[PDB]
Amino acid sequence: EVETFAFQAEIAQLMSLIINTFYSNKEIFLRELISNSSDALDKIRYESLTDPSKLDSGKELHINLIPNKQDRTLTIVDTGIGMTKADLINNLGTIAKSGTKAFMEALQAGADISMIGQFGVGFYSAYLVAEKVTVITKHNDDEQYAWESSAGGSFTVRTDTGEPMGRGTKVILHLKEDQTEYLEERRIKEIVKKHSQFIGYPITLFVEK
Ligand SMILES: NS(=O)(=O)c1ccc(Cl)s1
Ligand SMILES: NS(=O)(=O)c1ccc(Cl)s1
């Protein structure tokens with residue numbers, strides 16, 4: 001059972017701007033998704049401060065980066081608060097309509113795409129490097145779901161029958177043919193050291209073969 005949804009017009013406009021605008025500094029996608037993961041980990045930690053059972057689904061709070069050259073995917077895993085089905089449909093838990101509005105007025109006022117994160121819609125910078133994005137998520141109050149979109153105006157949501165997560169969010173980036181540099185160990189390490197050196201959670205870069 002797979003449900004298909006239309007993006008709100010403003011969000012469709014944002015993703016086409018990200019996909020079509022010439023902008024060479026694509027590496028900021030990773031900073032934005034790691035920062036999103038850190039925000040989600042902050043939220044489950046705060047909730048657990050007054051109710052420890054919120055961590056029965058997983059005590060460890062961390063971020064993993066998993067490149068896979070065979071599948072040409074880069075996956076960002078965190079054990080944060082996760083997302084409900086309603087959250088996924090609701091622009092992945094963001095205020096994306098008002099955020100896109102403020103972002104686009106900022107761009108005509110001197111901004112560039114790199115401050116997308118200041119407007120709450122940093123997730124969509126994933127489409128600087130990915131032709132398709134899959135999001136697997138598990139929230140304590142809901143079941144495990146999978147979100148997917150290749151842009152073009154629509155996204156899908158289905159119950160995920162894959163590997164159980166426990167709690168958190170998995171962003172799978174199906175990389176464009178000319179963006180495979182972000183599967184290289186020394187290139188990921190350079191970006192994490194440049195942009196994410198102060199994230200308050202352990203970031204583990206997996207190796208291959
Ligand atoms: N869409 S979002 O809520 O910024 C987000 C992307 C990845 C997460 Cl973990 S949370
Ligand atoms: N260690 S983990 O983040 O659960 C993971 C290992 C392999 C994946 Cl694919 S996801």
# chains A, B, ... in the order shown; residues from 1 in each chain; ligands from 1
call {"tool": "closest_atom_pairs", "arguments": {"of": "chain A", "to": "ligand 2", "cutoff": "10 Å", "atoms": "only C-alpha atoms and all ligand atoms", "output": "CSV"}}
result
residue,atom,partner,partner_atom_place_in_ligand_line,distance
A:62,CA,ligand 2,3 (O),8.8
A:63,CA,ligand 2,3 (O),7.5
A:64,CA,ligand 2,3 (O),5.4
A:65,CA,ligand 2,3 (O),7.7
A:66,CA,ligand 2,8 (C),6.9
A:67,CA,ligand 2,9 (Cl),9.1
A:68,CA,ligand 2,9 (Cl),8.9
A:74,CA,ligand 2,9 (Cl),9.7
A:75,CA,ligand 2,9 (Cl),7.4
A:76,CA,ligand 2,3 (O),7.9
A:77,CA,ligand 2,3 (O),5.2
A:78,CA,ligand 2,3 (O),7.1
A:79,CA,ligand 2,3 (O),8.4
A:163,CA,ligand 2,10 (S),8.7
A:164,CA,ligand 2,4 (O),9.2
A:165,CA,ligand 2,4 (O),7.0
A:166,CA,ligand 2,4 (O),9.4
A:168,CA,ligand 2,3 (O),9.7
A:169,CA,ligand 2,3 (O),9.6
A:170,CA,ligand 2,10 (S),7.7
A:172,CA,ligand 2,9 (Cl),9.2
A:204,CA,ligand 2,3 (O),9.1
A:206,CA,ligand 2,6 (C),8.6
call {"tool": "residues_around", "arguments": {"residues": "residue 115 (chain A)", "least_positions_apart": "6", "cutoff": "12 Å", "atoms": "only C-alpha atoms", "output": "list in words"}}
result
residues 25, 28, 29, 31, 32, 99, 100, 102, 103, 104, 106, 107, 121, 122 and 125 of chain A
call {"tool": "residues_near_ligand", "arguments": {"ligand": "ligand 1", "cutoff": "9 Å", "atoms": "only C-alpha atoms and all ligand atoms", "output": "VMD selection string"}}
result
chain A and resid 32 to 41 76 to 83 87 to 88 91 to 94 96 117 120 to 124 135 137 168 to 171
call {"tool": "write_last_selection", "arguments": {"atoms": "N, CA and C atoms", "output": "compact mmCIF listing (two decimals), in the first residue's frame"}}
result
# COMPACT_ATOMS: atom_id res chain seq x y z
N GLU A 32 23.86 20.63 6.54
CA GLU A 32 22.46 20.86 6.87
C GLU A 32 21.79 19.60 7.41
N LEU A 33 22.10 18.43 6.83
CA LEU A 33 21.43 17.22 7.31
C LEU A 33 21.98 16.79 8.66
N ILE A 34 23.29 16.97 8.89
CA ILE A 34 23.84 16.68 10.21
C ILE A 34 23.26 17.62 11.25
N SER A 35 23.09 18.90 10.89
CA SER A 35 22.48 19.84 11.82
C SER A 35 21.04 19.45 12.12
N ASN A 36 20.31 18.96 11.10
CA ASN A 36 18.96 18.45 11.34
C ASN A 36 18.99 17.27 12.30
N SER A 37 19.93 16.34 12.11
CA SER A 37 20.06 15.20 13.01
C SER A 37 20.33 15.66 14.44
N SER A 38 21.24 16.64 14.61
CA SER A 38 21.54 17.16 15.94
C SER A 38 20.30 17.76 16.61
N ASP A 39 19.49 18.52 15.86
CA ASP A 39 18.24 19.05 16.41
C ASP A 39 17.32 17.93 16.89
N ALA A 40 17.22 16.84 16.11
CA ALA A 40 16.34 15.73 16.50
C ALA A 40 16.87 15.00 17.73
N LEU A 41 18.19 14.93 17.88
CA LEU A 41 18.76 14.30 19.07
C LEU A 41 18.56 15.18 20.29
N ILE A 76 22.58 9.04 6.03
CA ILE A 76 22.82 9.74 7.30
C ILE A 76 21.81 9.20 8.31
N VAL A 77 22.30 8.49 9.33
CA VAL A 77 21.48 7.87 10.36
C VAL A 77 21.66 8.63 11.66
N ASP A 78 20.55 8.87 12.37
CA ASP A 78 20.59 9.39 13.73
C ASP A 78 19.56 8.67 14.58
N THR A 79 19.79 8.68 15.90
CA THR A 79 18.88 8.08 16.87
C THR A 79 18.06 9.14 17.59
N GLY A 80 17.61 10.17 16.86
CA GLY A 80 16.83 11.25 17.43
C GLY A 80 15.38 10.89 17.65
N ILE A 81 14.56 11.93 17.85
CA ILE A 81 13.15 11.74 18.21
C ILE A 81 12.33 11.13 17.08
N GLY A 82 12.79 11.20 15.84
CA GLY A 82 12.04 10.58 14.76
C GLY A 82 10.85 11.41 14.32
N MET A 83 10.06 10.84 13.42
CA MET A 83 8.96 11.57 12.80
C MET A 83 7.74 10.66 12.71
N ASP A 87 3.86 13.92 10.64
CA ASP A 87 5.07 14.73 10.50
C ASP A 87 5.67 14.61 9.10
N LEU A 88 5.81 13.38 8.60
CA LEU A 88 6.39 13.18 7.28
C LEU A 88 5.60 13.92 6.21
N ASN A 91 5.58 18.11 5.44
CA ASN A 91 6.90 18.60 5.04
C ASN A 91 8.00 18.19 6.03
N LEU A 92 7.96 16.92 6.42
CA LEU A 92 8.98 16.32 7.30
C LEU A 92 9.19 17.14 8.57
N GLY A 93 8.08 17.55 9.19
CA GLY A 93 8.14 18.22 10.47
C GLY A 93 8.62 19.65 10.45
N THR A 94 8.66 20.30 9.29
CA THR A 94 9.15 21.67 9.16
C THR A 94 7.98 22.61 8.90
N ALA A 96 7.65 24.57 6.24
CA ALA A 96 8.32 24.79 4.96
C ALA A 96 7.67 25.89 4.14
N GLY A 117 19.63 26.87 5.68
CA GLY A 117 19.36 26.34 7.01
C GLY A 117 18.79 27.37 7.97
N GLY A 120 14.86 27.06 8.13
CA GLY A 120 14.17 25.86 8.56
C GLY A 120 13.91 24.83 7.49
N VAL A 121 14.42 25.02 6.27
CA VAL A 121 14.14 24.09 5.18
C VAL A 121 15.44 23.50 4.64
N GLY A 122 16.41 23.31 5.53
CA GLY A 122 17.71 22.80 5.12
C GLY A 122 17.67 21.39 4.54
N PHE A 123 16.66 20.59 4.93
CA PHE A 123 16.56 19.22 4.43
C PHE A 123 16.61 19.17 2.91
N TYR A 124 15.93 20.11 2.24
CA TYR A 124 15.78 20.08 0.79
C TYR A 124 17.07 20.43 0.05
N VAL A 135 13.51 8.60 3.06
CA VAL A 135 13.58 8.88 4.50
C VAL A 135 12.85 7.77 5.24
N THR A 137 11.91 6.48 9.07
CA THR A 137 11.81 7.11 10.38
C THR A 137 10.92 6.28 11.30
N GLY A 168 14.49 6.94 15.48
CA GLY A 168 15.38 7.85 14.78
C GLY A 168 14.97 8.04 13.34
N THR A 169 15.91 8.53 12.54
CA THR A 169 15.66 8.91 11.16
C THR A 169 16.85 8.51 10.29
N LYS A 170 16.55 7.98 9.10
CA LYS A 170 17.54 7.55 8.13
C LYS A 170 17.27 8.27 6.82
N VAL A 171 18.19 9.12 6.39
CA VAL A 171 18.10 9.82 5.10
C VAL A 171 19.04 9.13 4.12
call {"tool": "closest_residue", "arguments": {"among": "A:85, A:105, A:129, A:111", "to": "residue 181 (chain A)", "atoms": "only C-alpha atoms"}}
result
A:129
call {"tool": "closest_residue", "arguments": {"among": "A:160, A:9, A:136, A:176", "to": "residue 71 (chain A)", "atoms": "only C-alpha atoms"}}
result
A:176
call {"tool": "residues_around", "arguments": {"residues": "residue 2 (chain A)", "least_positions_apart": "3", "cutoff": "12 Å", "atoms": "only C-alpha atoms", "output": "PDB file with N, CA, C and O atoms, in the first residue's frame"}}
result
ATOM      1  N   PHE A   5       1.292  11.838  -2.869  1.00  0.00           N
ATOM      2  CA  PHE A   5       0.880  13.166  -2.443  1.00  0.00           C
ATOM      3  C   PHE A   5       1.509  14.209  -3.351  1.00  0.00           C
ATOM      4  O   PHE A   5       2.601  14.003  -3.886  1.00  0.00           O
ATOM      5  N   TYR A 145       7.837   4.276   9.039  1.00  0.00           N
ATOM      6  CA  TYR A 145       7.364   4.686   7.723  1.00  0.00           C
ATOM      7  C   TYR A 145       8.543   5.057   6.832  1.00  0.00           C
ATOM      8  O   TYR A 145       9.635   5.382   7.311  1.00  0.00           O
ATOM      9  N   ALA A 146       8.289   5.023   5.520  1.00  0.00           N
ATOM     10  CA  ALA A 146       9.258   5.386   4.494  1.00  0.00           C
ATOM     11  C   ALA A 146       8.665   6.462   3.589  1.00  0.00           C
ATOM     12  O   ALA A 146       7.582   6.274   3.023  1.00  0.00           O
ATOM     13  N   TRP A 147       9.379   7.579   3.460  1.00  0.00           N
ATOM     14  CA  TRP A 147       9.041   8.695   2.584  1.00  0.00           C
ATOM     15  C   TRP A 147      10.006   8.672   1.405  1.00  0.00           C
ATOM     16  O   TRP A 147      11.175   8.320   1.572  1.00  0.00           O
ATOM     17  N   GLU A 148       9.531   9.029   0.213  1.00  0.00           N
ATOM     18  CA  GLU A 148      10.394   9.021  -0.962  1.00  0.00           C
ATOM     19  C   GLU A 148       9.954  10.077  -1.978  1.00  0.00           C
ATOM     20  O   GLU A 148       8.756  10.314  -2.162  1.00  0.00           O
ATOM     21  N   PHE A 155       5.534  13.130  -3.800  1.00  0.00           N
ATOM     22  CA  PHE A 155       6.257  12.256  -2.893  1.00  0.00           C
ATOM     23  C   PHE A 155       5.322  11.129  -2.478  1.00  0.00           C
ATOM     24  O   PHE A 155       4.100  11.225  -2.628  1.00  0.00           O
ATOM     25  N   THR A 156       5.912  10.038  -1.987  1.00  0.00           N
ATOM     26  CA  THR A 156       5.162   8.863  -1.570  1.00  0.00           C
ATOM     27  C   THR A 156       5.454   8.540  -0.112  1.00  0.00           C
ATOM     28  O   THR A 156       6.523   8.869   0.415  1.00  0.00           O
ATOM     29  N   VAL A 157       4.482   7.902   0.538  1.00  0.00           N
ATOM     30  CA  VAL A 157       4.633   7.425   1.911  1.00  0.00           C
ATOM     31  C   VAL A 157       4.057   6.020   1.983  1.00  0.00           C
ATOM     32  O   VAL A 157       2.991   5.751   1.420  1.00  0.00           O
ATOM     33  N   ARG A 158       4.765   5.124   2.675  1.00  0.00           N
ATOM     34  CA  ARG A 158       4.312   3.755   2.875  1.00  0.00           C
ATOM     35  C   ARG A 158       4.832   3.257   4.214  1.00  0.00           C
ATOM     36  O   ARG A 158       5.835   3.752   4.735  1.00  0.00           O
ATOM     37  N   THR A 159       4.126   2.273   4.767  1.00  0.00           N
ATOM     38  CA  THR A 159       4.643   1.535   5.909  1.00  0.00           C
ATOM     39  C   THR A 159       5.921   0.822   5.501  1.00  0.00           C
ATOM     40  O   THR A 159       5.974   0.176   4.451  1.00  0.00           O
ATOM     41  N   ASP A 160       6.958   0.950   6.320  1.00  0.00           N
ATOM     42  CA  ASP A 160       8.249   0.373   5.984  1.00  0.00           C
ATOM     43  C   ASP A 160       8.333  -1.030   6.575  1.00  0.00           C
ATOM     44  O   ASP A 160       8.161  -1.214   7.784  1.00  0.00           O
TER      45      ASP A 160
END
call {"tool": "residues_around", "arguments": {"residues": "residue 184 (chain A)", "least_positions_apart": "4", "cutoff": "10 Å", "atoms": "only C-alpha atoms", "output": "list in words"}}
result
residues 67, 68, 69, 180, 188, 189, 207 and 208 of chain A
call {"tool": "decode", "arguments": {"residues": "region 136-177 of chain A", "atoms": "N, CA and C atoms", "output": "PDB file, in the first residue's frame"}}
result
ATOM      1  N   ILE A 136      13.586   7.032   6.056  1.00  0.00           N
ATOM      2  CA  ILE A 136      13.027   6.032   6.958  1.00  0.00           C
ATOM      3  C   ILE A 136      13.019   6.623   8.358  1.00  0.00           C
ATOM      4  N   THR A 137      11.905   6.476   9.074  1.00  0.00           N
ATOM      5  CA  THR A 137      11.808   7.113  10.377  1.00  0.00           C
ATOM      6  C   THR A 137      10.919   6.284  11.296  1.00  0.00           C
ATOM      7  N   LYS A 138      11.222   6.367  12.591  1.00  0.00           N
ATOM      8  CA  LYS A 138      10.451   5.711  13.644  1.00  0.00           C
ATOM      9  C   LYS A 138      10.375   6.655  14.836  1.00  0.00           C
ATOM     10  N   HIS A 139       9.165   7.057  15.201  1.00  0.00           N
ATOM     11  CA  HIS A 139       8.894   7.890  16.364  1.00  0.00           C
ATOM     12  C   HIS A 139       8.276   7.013  17.451  1.00  0.00           C
ATOM     13  N   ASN A 140       8.493   7.365  18.725  1.00  0.00           N
ATOM     14  CA  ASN A 140       7.981   6.507  19.797  1.00  0.00           C
ATOM     15  C   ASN A 140       6.471   6.294  19.702  1.00  0.00           C
ATOM     16  N   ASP A 141       5.727   7.281  19.203  1.00  0.00           N
ATOM     17  CA  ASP A 141       4.268   7.243  19.216  1.00  0.00           C
ATOM     18  C   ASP A 141       3.656   6.777  17.899  1.00  0.00           C
ATOM     19  N   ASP A 142       4.442   6.185  17.000  1.00  0.00           N
ATOM     20  CA  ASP A 142       3.933   5.780  15.694  1.00  0.00           C
ATOM     21  C   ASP A 142       4.741   4.581  15.198  1.00  0.00           C
ATOM     22  N   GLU A 143       4.342   4.043  14.042  1.00  0.00           N
ATOM     23  CA  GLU A 143       5.041   2.925  13.419  1.00  0.00           C
ATOM     24  C   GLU A 143       6.136   3.431  12.480  1.00  0.00           C
ATOM     25  N   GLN A 144       6.894   2.500  11.903  1.00  0.00           N
ATOM     26  CA  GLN A 144       7.990   2.849  11.003  1.00  0.00           C
ATOM     27  C   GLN A 144       7.470   3.122   9.593  1.00  0.00           C
ATOM     28  N   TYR A 145       7.837   4.276   9.039  1.00  0.00           N
ATOM     29  CA  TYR A 145       7.364   4.686   7.723  1.00  0.00           C
ATOM     30  C   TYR A 145       8.543   5.057   6.832  1.00  0.00           C
ATOM     31  N   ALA A 146       8.289   5.023   5.520  1.00  0.00           N
ATOM     32  CA  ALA A 146       9.258   5.386   4.494  1.00  0.00           C
ATOM     33  C   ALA A 146       8.665   6.462   3.589  1.00  0.00           C
ATOM     34  N   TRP A 147       9.379   7.579   3.460  1.00  0.00           N
ATOM     35  CA  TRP A 147       9.041   8.695   2.584  1.00  0.00           C
ATOM     36  C   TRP A 147      10.006   8.672   1.405  1.00  0.00           C
ATOM     37  N   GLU A 148       9.531   9.029   0.213  1.00  0.00           N
ATOM     38  CA  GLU A 148      10.394   9.021  -0.962  1.00  0.00           C
ATOM     39  C   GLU A 148       9.954  10.077  -1.978  1.00  0.00           C
ATOM     40  N   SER A 149      10.933  10.703  -2.639  1.00  0.00           N
ATOM     41  CA  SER A 149      10.637  11.669  -3.693  1.00  0.00           C
ATOM     42  C   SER A 149      11.836  11.852  -4.610  1.00  0.00           C
ATOM     43  N   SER A 150      11.558  11.875  -5.914  1.00  0.00           N
ATOM     44  CA  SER A 150      12.510  12.273  -6.944  1.00  0.00           C
ATOM     45  C   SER A 150      12.239  13.695  -7.442  1.00  0.00           C
ATOM     46  N   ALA A 151      11.604  14.518  -6.612  1.00  0.00           N
ATOM     47  CA  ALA A 151      11.129  15.864  -6.954  1.00  0.00           C
ATOM     48  C   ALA A 151      10.057  15.708  -8.039  1.00  0.00           C
ATOM     49  N   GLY A 152       9.941  16.678  -8.943  1.00  0.00           N
ATOM     50  CA  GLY A 152       8.912  16.602  -9.968  1.00  0.00           C
ATOM     51  C   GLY A 152       7.486  16.715  -9.461  1.00  0.00           C
ATOM     52  N   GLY A 153       7.291  17.192  -8.234  1.00  0.00           N
ATOM     53  CA  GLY A 153       5.982  17.590  -7.764  1.00  0.00           C
ATOM     54  C   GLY A 153       5.287  16.626  -6.824  1.00  0.00           C
ATOM     55  N   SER A 154       5.884  15.477  -6.517  1.00  0.00           N
ATOM     56  CA  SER A 154       5.157  14.474  -5.757  1.00  0.00           C
ATOM     57  C   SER A 154       6.108  13.703  -4.854  1.00  0.00           C
ATOM     58  N   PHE A 155       5.534  13.130  -3.800  1.00  0.00           N
ATOM     59  CA  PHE A 155       6.257  12.256  -2.893  1.00  0.00           C
ATOM     60  C   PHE A 155       5.322  11.129  -2.478  1.00  0.00           C
ATOM     61  N   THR A 156       5.912  10.038  -1.987  1.00  0.00           N
ATOM     62  CA  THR A 156       5.162   8.863  -1.570  1.00  0.00           C
ATOM     63  C   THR A 156       5.454   8.540  -0.112  1.00  0.00           C
ATOM     64  N   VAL A 157       4.482   7.902   0.538  1.00  0.00           N
ATOM     65  CA  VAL A 157       4.633   7.425   1.911  1.00  0.00           C
ATOM     66  C   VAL A 157       4.057   6.020   1.983  1.00  0.00           C
ATOM     67  N   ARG A 158       4.765   5.124   2.675  1.00  0.00           N
ATOM     68  CA  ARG A 158       4.312   3.755   2.875  1.00  0.00           C
ATOM     69  C   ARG A 158       4.832   3.257   4.214  1.00  0.00           C
ATOM     70  N   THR A 159       4.126   2.273   4.767  1.00  0.00           N
ATOM     71  CA  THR A 159       4.643   1.535   5.909  1.00  0.00           C
ATOM     72  C   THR A 159       5.921   0.822   5.501  1.00  0.00           C
ATOM     73  N   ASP A 160       6.958   0.950   6.320  1.00  0.00           N
ATOM     74  CA  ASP A 160       8.249   0.373   5.984  1.00  0.00           C
ATOM     75  C   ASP A 160       8.333  -1.030   6.575  1.00  0.00           C
ATOM     76  N   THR A 161       8.574  -2.017   5.716  1.00  0.00           N
ATOM     77  CA  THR A 161       8.749  -3.400   6.133  1.00  0.00           C
ATOM     78  C   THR A 161      10.215  -3.796   6.237  1.00  0.00           C
ATOM     79  N   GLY A 162      11.131  -2.845   6.062  1.00  0.00           N
ATOM     80  CA  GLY A 162      12.547  -3.141   6.094  1.00  0.00           C
ATOM     81  C   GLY A 162      13.100  -3.443   7.473  1.00  0.00           C
ATOM     82  N   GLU A 163      14.351  -3.069   7.685  1.00  0.00           N
ATOM     83  CA  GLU A 163      15.041  -3.362   8.936  1.00  0.00           C
ATOM     84  C   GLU A 163      14.529  -2.449  10.049  1.00  0.00           C
ATOM     85  N   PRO A 164      14.071  -2.995  11.178  1.00  0.00           N
ATOM     86  CA  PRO A 164      13.618  -2.139  12.285  1.00  0.00           C
ATOM     87  C   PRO A 164      14.717  -1.197  12.761  1.00  0.00           C
ATOM     88  N   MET A 165      14.318   0.021  13.126  1.00  0.00           N
ATOM     89  CA  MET A 165      15.243   1.054  13.584  1.00  0.00           C
ATOM     90  C   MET A 165      15.260   1.255  15.092  1.00  0.00           C
ATOM     91  N   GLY A 166      14.123   1.112  15.763  1.00  0.00           N
ATOM     92  CA  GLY A 166      14.071   1.374  17.191  1.00  0.00           C
ATOM     93  C   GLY A 166      13.547   2.767  17.457  1.00  0.00           C
ATOM     94  N   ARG A 167      14.316   3.769  17.033  1.00  0.00           N
ATOM     95  CA  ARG A 167      13.930   5.176  17.081  1.00  0.00           C
ATOM     96  C   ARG A 167      14.943   6.011  16.313  1.00  0.00           C
ATOM     97  N   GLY A 168      14.486   6.944  15.477  1.00  0.00           N
ATOM     98  CA  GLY A 168      15.383   7.846  14.783  1.00  0.00           C
ATOM     99  C   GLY A 168      14.965   8.043  13.340  1.00  0.00           C
ATOM    100  N   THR A 169      15.914   8.534  12.541  1.00  0.00           N
ATOM    101  CA  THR A 169      15.658   8.905  11.158  1.00  0.00           C
ATOM    102  C   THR A 169      16.847   8.513  10.291  1.00  0.00           C
ATOM    103  N   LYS A 170      16.545   7.985   9.105  1.00  0.00           N
ATOM    104  CA  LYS A 170      17.542   7.548   8.130  1.00  0.00           C
ATOM    105  C   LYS A 170      17.267   8.268   6.816  1.00  0.00           C
ATOM    106  N   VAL A 171      18.192   9.125   6.386  1.00  0.00           N
ATOM    107  CA  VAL A 171      18.101   9.822   5.103  1.00  0.00           C
ATOM    108  C   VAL A 171      19.035   9.126   4.116  1.00  0.00           C
ATOM    109  N   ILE A 172      18.476   8.574   3.045  1.00  0.00           N
ATOM    110  CA  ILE A 172      19.241   7.864   2.026  1.00  0.00           C
ATOM    111  C   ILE A 172      19.299   8.739   0.781  1.00  0.00           C
ATOM    112  N   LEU A 173      20.505   9.152   0.391  1.00  0.00           N
ATOM    113  CA  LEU A 173      20.690  10.005  -0.781  1.00  0.00           C
ATOM    114  C   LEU A 173      21.151   9.160  -1.960  1.00  0.00           C
ATOM    115  N   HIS A 174      20.282   9.003  -2.958  1.00  0.00           N
ATOM    116  CA  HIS A 174      20.654   8.348  -4.214  1.00  0.00           C
ATOM    117  C   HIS A 174      21.347   9.389  -5.091  1.00  0.00           C
ATOM    118  N   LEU A 175      22.673   9.325  -5.144  1.00  0.00           N
ATOM    119  CA  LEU A 175      23.483  10.435  -5.624  1.00  0.00           C
ATOM    120  C   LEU A 175      23.412  10.561  -7.141  1.00  0.00           C
ATOM    121  N   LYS A 176      23.494  11.802  -7.628  1.00  0.00           N
ATOM    122  CA  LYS A 176      23.552  12.032  -9.066  1.00  0.00           C
ATOM    123  C   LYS A 176      24.852  11.476  -9.644  1.00  0.00           C
ATOM    124  N   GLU A 177      24.824  11.181 -10.946  1.00  0.00           N
ATOM    125  CA  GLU A 177      25.942  10.486 -11.579  1.00  0.00           C
ATOM    126  C   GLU A 177      27.258  11.248 -11.436  1.00  0.00           C
TER     127      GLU A 177
END
